[PDB]
Number of protein chains: 2
Amino acid sequence: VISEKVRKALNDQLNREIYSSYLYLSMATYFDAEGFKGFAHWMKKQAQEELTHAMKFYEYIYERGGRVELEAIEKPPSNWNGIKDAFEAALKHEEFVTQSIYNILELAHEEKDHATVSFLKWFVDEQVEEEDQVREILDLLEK
Amino acid sequence: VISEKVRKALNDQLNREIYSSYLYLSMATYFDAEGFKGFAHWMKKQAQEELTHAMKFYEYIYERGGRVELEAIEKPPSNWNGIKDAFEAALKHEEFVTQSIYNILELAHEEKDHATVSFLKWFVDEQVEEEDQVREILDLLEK
Ligand SMILES: [Zn+2]
Ligand SMILES: [Zn+2]
Ligand SMILES: [Zn+2]
Ligand SMILES: [Zn+2]
């Protein structure tokens, strides 16, 4: 059974993944307003991906005997200064998500919760892949 | 091209469908905390359904030459007084959604926007079906 400290950290991260989904959807509203169909499609796909992350947290919290509490979702920005600016904001946000997950990992290690440590490995690896994808696009578009 | 009045009404409704999705997800967190797997599955399915409603508004707004702006999402309630209480709250919320859609229909009729009138017919019919499904469940569980 997860300690209340770890359950709160996971529930917090659940809410962060929801906001991530919303933020990527907002980036899609920007790209679509400009007619950048392909980049909008990229963002809508990532928004759906972030929802599956949230639900994986959701189901793990209930497997470990905890409960999920949904919080208010902040209004995301709706405008950026071009393609590169939007993707740089995406990368900055993913780096914040990576740091948040690592803080849960450290908490789980402290409490010797080796089930949460194992559950999080998938997300450490997926953040690497996501960060690399965004860097790959920024490098493609450079100068 | 949609007038700014109608675009704002549709964007408002887009945001209402997002909140509807969130509210049904919150009801799932309640049912799951109680071990009501089947009712939780019902709510998660409805939450996904409400997202597809939101995206149908999303794509229609861009077809008509408008843009979507995402707003803050309010924190939904997380607790109800039993199954019946949660479904009665669902029905009350769907009736509010039905009234909101009818107000867009009346606005569209006033501006003679027969494309928005036609777009909304699908949602008038779907609200009937959703309201009937929730009433059917409440009647099944009665007394
Ligand atoms: Zn994620
Ligand atoms: Zn992510
Ligand atoms: Zn709906
Ligand atoms: Zn509905």
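In the text below, chain A, chain B and the rest are named by the order of the sequence lines, each starting its count at 1. Only this structure's heavy atoms are used, side chains among them; waters, hydrogens and symmetry mates stay out.
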Result of checking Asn15(B), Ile104(B), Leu107(B) against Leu10(B) for side chain to side chain contact (heavy atoms under 4.5 Å, CB included):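 Exactly one candidate clears the test, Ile104(B).
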Is it true that [X] and [Y] have a side-chain N and a carboxylate O under 4.0 angstrom from each other?
X	Y	answer
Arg135(B)	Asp139(B)	no
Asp32(A)	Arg67(B)	no
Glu49(B)	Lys45(B)	no
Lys92(A)	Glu95(A)	no

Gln46(A) side chain to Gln133(A) side chain, donor-acceptor N/O pair below 3.5 angstrom: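 No, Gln133(A) and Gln46(A) have no side-chain donor paired with an acceptor closer than 3.5 Å.
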Distance-only polar pair, side chains of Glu131(A) and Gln127(A), donor-acceptor under 3.5 Å: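 No pair is found: no donor N or O on one side chain lies under 3.5 Å from an acceptor on the other.
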Side-chain donor/acceptor of [X] to backbone N/O of [Y], under 3.5 Å:
X	Y	answer
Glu50(B)	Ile18(B)	no
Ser26(B)	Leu23(B)	no
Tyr22(A)	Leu70(B)	no
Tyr19(B)	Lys75(B)	no
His114(B)	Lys112(B)	yes

Side chain to side chain donor-acceptor pair (under 3.5 Å) evaluation trace for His53(A) with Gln13(A): CA-CA 10 Å; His53(A) 298 354; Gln13(A) 186 59 27; over 6 Å; no
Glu110(A), CD atom: more than 12 neighbouring heavy atoms under 6.0 Å: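 More than 12 within 6.0 Å, yes.
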cation_pi(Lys56(A), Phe123(A)) dist<6.0 Å, angle<=45: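 Yes.
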